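A single chain comes next, written as structure tokens; it is the form solved without this ligand.
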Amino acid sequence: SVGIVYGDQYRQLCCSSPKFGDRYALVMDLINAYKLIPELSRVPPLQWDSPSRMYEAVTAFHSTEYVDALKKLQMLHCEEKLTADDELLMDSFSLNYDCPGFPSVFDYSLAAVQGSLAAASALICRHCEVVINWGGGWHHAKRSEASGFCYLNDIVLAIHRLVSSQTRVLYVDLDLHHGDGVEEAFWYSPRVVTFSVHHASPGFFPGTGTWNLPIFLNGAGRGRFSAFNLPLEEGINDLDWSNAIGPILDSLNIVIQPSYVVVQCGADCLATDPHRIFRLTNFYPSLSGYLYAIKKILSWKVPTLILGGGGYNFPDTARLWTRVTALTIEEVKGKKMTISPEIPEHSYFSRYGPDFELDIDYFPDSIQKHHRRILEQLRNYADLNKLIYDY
């Protein structure tokens, strides 16, 4: 079955941040509006027996000091009164600037972890073949550092639960940004292979995922050659992105043979994202770069976690994730999903004006050298890890 994480309180938490506002609500109500929900098994977010059990789960990656500071940030933003020492404390964890406090910052951040932990449990016990969590995918958070409005790294904790269930996880990062927090977390782990395709250019966040004549770092220790990156120039379209990543995806699957696949599907590569860096669409006849890669990943028949992430055009993010969800049902259940090109009536119908159509409103050597580099890294990785496969 295909699982999707949601719940009444989970929705209210996911909609409580000043940055993402009610995006999660639009995504889930558009999915509802298209009658996809009866086809999906609802995965309820995880909850814990006690504060200690929560801390034990979250500090499997984050430090206790960082979790303590994040909880204290939330309590401090629930009174009107910050002191010089509390500001210094928060600064030492980068709980400032693009990662500010707000009254539910901790409850909001924990919710994604609860969602993505429960999603991995549903995969582990084989209740679901694929689980979707559109409240998750916060790939930039570090052990003791918030970064890019990511406060707790639900992806790292979910992957940790998968490996602790030989076990090998392939993580695929489709977000416009380099997935630096997941990469760094498994820098030294061969069992979790990380692959991010992203824009990277001088001064563009977070700065990593590219040349470092400089060279590509790719892991350390026993994890050498286990972190893959494909940085791409701005303006790339569905076709050129798809051909860029397609062969890399198949190659990684053949050689690594993952037990699980974790996909971050950040929607900020859309041609209509306010970033206006990539020109991907949600079209499904050329073919959406996202849908191409998801269908490929799903054709491998590996139990798979699908996460959200970036996406700052909220209706168009919903437009994409709705089609991603519909596609996942088609590929997993073998059941045709018919999606009208017009947005159905429902709660947020007015947000889809003025045309109210499901397509986003858009009129549409470097890579060959990266392919050879990445091919060599994979052979280096397979030799190091004694993996069998046909050259």
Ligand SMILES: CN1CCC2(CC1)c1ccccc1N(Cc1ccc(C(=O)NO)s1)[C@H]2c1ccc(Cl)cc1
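Heads up: residue numbers just count along the shown sequence, starting at 1.
Participant: In at least one third of the other PDB entries compared, is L213 left unmodelled?
Facilitator: Missing in at least a third of the others, so yes.
Participant: Among the other entries that model both neighbours of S226, does it go unmodelled in a third or more?
Facilitator: No; none of the other entries leave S226 out.
Participant: Are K81 and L82 truly consecutive in the deposited sequence, or are residues between them missing coordinates? Give the number as none, 1 to 3, 4 to 9, or 10 or more.
Facilitator: Gap between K81 and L82: 1 to 3 unmodelled residues.
Participant: So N212 and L213 are neighbours in the shown sequence, but is anything from the deposited sequence left out between them? Give the count as none, 1 to 3, 4 to 9, or 10 or more.
Facilitator: The entry has 4 to 9 unmodelled residues between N212 and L213.
Participant: Would you tell me which stretch averages the higher CA B-factor in the PDB entry, 123-131 or 193-201?
Facilitator: Higher of the two, by average CA B-factor, is 123-131.
Participant: Quick one: higher average CA temperature factor, 169-177 or 249-257?
Facilitator: Comparing 249-257 with 169-177, the higher average CA B-factor belongs to 249-257.
Participant: Which of these, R143, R161, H140, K72, has its C-alpha atom at the highest B-factor, as the entry lists it?
Facilitator: The record points to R161.
Participant: When you compare the CA B-factors of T325, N32, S340, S63 as listed in the entry, which one comes out on top?
Facilitator: In this record, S340 carries the highest C-alpha B-factor of the candidates.
Participant: Within this chain's modelled residues, let me know which third the CA B factor of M54 belongs to: lowest, middle or highest.
Facilitator: Tercile = lowest for this residue's CA B-factor.
Participant: Lowest, middle or highest third: where is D154 by Cα B-factor in its chain?
Facilitator: Within its chain, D154 is a lowest-third residue by C-alpha B-factor, going by the deposited values.
Participant: Could you place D273 in the lowest, middle or highest third of its chain by Cα temperature factor, using the values in the record?
Facilitator: Its C-alpha B-factor belongs to the lowest third of this chain's values.
Participant: Should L320 be placed in the lowest, middle or highest third of its chain by the C-alpha B factor in the entry?
Facilitator: Bottom third by C-alpha B-factor.
Participant: Give the position of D240 by CA B-factor within its chain, expressed as the lowest, middle or highest third.
Facilitator: Highest third of the chain for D240's C-alpha B-factor.
The form solved in complex with this ligand exists for this protein as well; it is not shown, and the discussion that follows is about that form.
Participant: Might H199 be said to contact this ligand in the deposited bound form, defining contact as any heavy atom within 4.5 Å?
Facilitator: Residue-level check for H199: no, no contact with this ligand.
Participant: Although the partner isn't part of this model, could you tell me whether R319 comes within 4.5 Å of this ligand in the deposited bound form, counting any heavy atom of the residue?
Facilitator: No, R319 sits far enough from this ligand in the deposited bound form that none of its heavy atoms falls within 4.5 Å.
Participant: Is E183 part of the interface with this ligand in the deposited bound form - any heavy atom within 4.5 Å?
Facilitator: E183: contacts this ligand in the deposited bound form.
Participant: Do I254 and this ligand share at least one heavy atom pair within 4.5 Å in the deposited bound form?
Facilitator: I254: no contact with this ligand in the deposited bound form.
Participant: Pick the stretch from 71-79, 236-244, 183-191, 111-119 whose residues have a heavy atom within 4.5 Å of this ligand in the deposited bound form.
Facilitator: Among the candidates, contact is made by 183-191.
Participant: Using a 4.5 Å cut-off on heavy atoms, which residues of 217-237 contact this ligand in the deposited bound form?
Facilitator: Residues within 4.5 Å: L217, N229.
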